[PDB]
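Taking the working numbering, the leading residue of the sequence shown gets 729, the next gets one more, and so forth. Every residue, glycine too, gets a C-beta built ideally from N, C-alpha and C.
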Amino acid sequence: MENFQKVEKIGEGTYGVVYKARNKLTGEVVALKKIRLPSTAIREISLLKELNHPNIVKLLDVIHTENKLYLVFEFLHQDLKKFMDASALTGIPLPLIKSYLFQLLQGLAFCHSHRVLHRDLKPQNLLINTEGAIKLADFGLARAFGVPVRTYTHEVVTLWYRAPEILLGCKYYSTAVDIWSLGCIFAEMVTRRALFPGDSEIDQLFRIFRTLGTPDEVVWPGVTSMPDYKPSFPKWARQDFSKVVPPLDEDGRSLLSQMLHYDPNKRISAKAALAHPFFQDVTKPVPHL
Ligand SMILES: COc1cc(Br)ccc1CC(=O)O
Ligand SMILES: COc1cc(Br)ccc1CC(=O)O
Ligand SMILES: COc1cc(Br)ccc1CC(=O)O
Ligand SMILES: COc1cc(Br)ccc1CC(=O)O
Ligand SMILES: COc1cc(Br)ccc1CC(=O)O
Ligand SMILES: COc1cc(Br)ccc1CC(=O)O
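Now the structure itself:
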């Protein structure tokens, strides 16, 4: 009642509960996020008030009061997950898929240029508006809170978009982790079905392996010395993307292939992806929702 009016509960997010609230001074509606519990996190998150871009959900405030931590974000009404589910009989139209991917790559390119990663992109944290924009939510929170090593949520943590280096225990998180996640989301928009819906770390890893082939030192130098690599992993051959994401055209399949290279160093960058021929005919359509 001093600062905010509660409007309604939005749900249980990756970091805790999320409410729709109304700022009493400005009259604006916001997403107010209570972090389910350091000083270090508050400094890191507070710097994210500078990481502003049209395709990043805007961080409005960081509140530390009564030994509790709250983040205030711009409000958007729908996530990509809900929109895909609502679109499932028809699919999202291709021009809108392309628009959504282009915009997300612009947001990634900006953050990556500042050496900030997301680490946990998923359809539930890609928010859309009624004119055709899409925005990345919760960008830069995972490094501040130690995600994905640390877990805050009450829900099962969704492994479906995790890059293979994370699943194999790598120490070092590069920009490539976000390109992988986005590639998985691209495939999901096209096919209307998650690409790698693993229900455990090994099921996640084996779903990747069955589609892309079991990784080896030929495609990914050093993979066999990763902390969680097992020489006893089954050896699957790679499938062609033409079987994986029909009816995507060869430009799209080439782009997707590059987003899903095993070796993070070989993964296409967001800036290079924006120049791909898949985007020659990109436009900004209006969504049907
Ligand atoms: C972040 O906001 C709160 C935190 C606590 Br504890 C109690 C009440 C509020 C709402 C307000 O201050 O209006
Ligand atoms: C004083 O508590 C809140 C304030 C605001 Br704004 C949002 C949500 C709550 C939790 C609750 O109402 O249980
Ligand atoms: C209730 O969950 C959300 C709420 C908002 Br607003 C943005 C993102 C999420 C998903 C998550 O944090 O996983
Ligand atoms: C679940 O409680 C809240 C959630 C949000 Br968002 C804002 C404020 C509160 C009150 C509290 O932290 O007691
Ligand atoms: C050419 O049709 C598609 C191709 C791809 Br890939 C995805 C979605 C559609 C539906 C449409 O855009 O109407
Ligand atoms: C989804 O519900 C939960 C899961 C776990 Br683990 C702990 C507590 C809850 C309830 C809550 O405090 O909202």
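Would you say the beta carbon of residue 901 comes nearer than 7 Å to a heavy atom of ligand 4?
-> Translated into positions along the sequence shown, residue 901 becomes position 173. Every heavy atom of ligand 4 is 7 Å or more from the Cβ of residue 901, so no.
Identify whether residue 840 lies in helix, strand or coil by the three-state DSSP scheme.
-> Taking the first residue of the sequence shown as position 1, residue 840 is located at position 112. Three-state result, residue 840: helix.
Supposed close pair residue 922, residue 929 - CB separation, criterion 8 Å = The residue you call residue 922 lines up with position 194 of the sequence shown. The residue you call residue 929 lines up with position 201 of the sequence shown. At roughly 16 Å, the Cβ-Cβ gap does not stay under 8 Å, so residue 922 and residue 929 are not in contact.
Residues that residue 754 bridges to, as DSSP identifies them = In the sequence shown, residue 754 corresponds to position 26, counting from 1. According to DSSP, which records beta bridges pairwise, residue 754 is partnered with nothing at all.
Quick one: which unbroken beta strand (DSSP E) runs of 3-plus residues sit fully inside the segment 777-850? Chain order, please.
-> 787-793 and 796-802
Sorted by chain position, which residues of the same chain lie with C-beta nearer than 7 Å to residue 792's C-beta, five sequence neighbours on each side aside?
-> For the purposes of this step, residue 792 is taken as the residue at position 64 of the sequence shown. Same-chain partners within the cutoff: 770.
May I ask you to verify whether the segment 793-811 touches the segment 898-910, counting CB pairs closer than 8 Å and requiring at least 3?
-> no
So what's residue 938 in DSSP terms, helix, strand or just coil?
-> Locating residue 938 in the sequence shown gives position 210, where the first residue counts as 1. Looking at residue 938 - three-state DSSP - the assignment turns out to be helix.
Find the nearest neighbour of residue 812 within the set 966, 856, 954 and 734, judged by alpha-carbon distance.
-> Your numbering for residue 812 matches position 84 in the sequence shown. Of the candidates 966, 856, 954 and 734, the one whose C-alpha sits nearest the C-alpha of residue 812 is 856.
With residue 978 as the anchor, note down where its alpha helix (DSSP H) starts and where it stops.
-> In the sequence shown, counting from the first residue as 1, residue 978 sits at position 250. 978-987 is the extent of the alpha helix (DSSP H) around residue 978.
Which residues mark the beginning and the end of the alpha helix (DSSP H) in which residue 893 is found?
-> Start at 1 with the first residue of the sequence shown, and residue 893 comes out as number 165. Taken as a continuous stretch (DSSP letters only), the alpha helix (DSSP H) holding residue 893 covers 892-895.
Opposing strand residues paired with residue 945 [DSSP bridges] = Residue mapping note: residue 945 aligns to position 217 of the sequence shown, counting from 1. Per DSSP, none; premise fails for residue 945.
How close, in whole Å, do the beta carbons of residue 864 and residue 783 come, if the pair is a contact with beta carbons under 8 Å?
-> On the sequence shown, residue 864 is found 136 positions in, with the first residue counted as 1. On the sequence shown, residue 783 is found 55 positions in, with the first residue counted as 1. Yes, they are in contact, since the Cβ atoms of residue 864 and residue 783 sit about 6 Å apart, within 8 Å.
Just how far apart, CA to CA, sit residue 939 and residue 854?
-> Within the sequence shown, numbered from 1, the residue matching residue 939 stands at position 211. Within the sequence shown, numbered from 1, the residue matching residue 854 stands at position 126. Each residue's Cα considered, the two are about 25 Å apart.
Determine the extent of the alpha helix (DSSP H) in which residue 911 is found, giving its start and end residues.
-> For the purposes of this step, residue 911 is taken as the residue at position 183 of the sequence shown. Taken as a continuous stretch (DSSP letters only), the alpha helix (DSSP H) holding residue 911 covers 904-919.
Report the three-state DSSP secondary structure of residue 736 (helix, strand or coil).
-> As a working note, residue 736 is residue 8 in the sequence shown. Residue 736 falls in the strand class under three-state DSSP.
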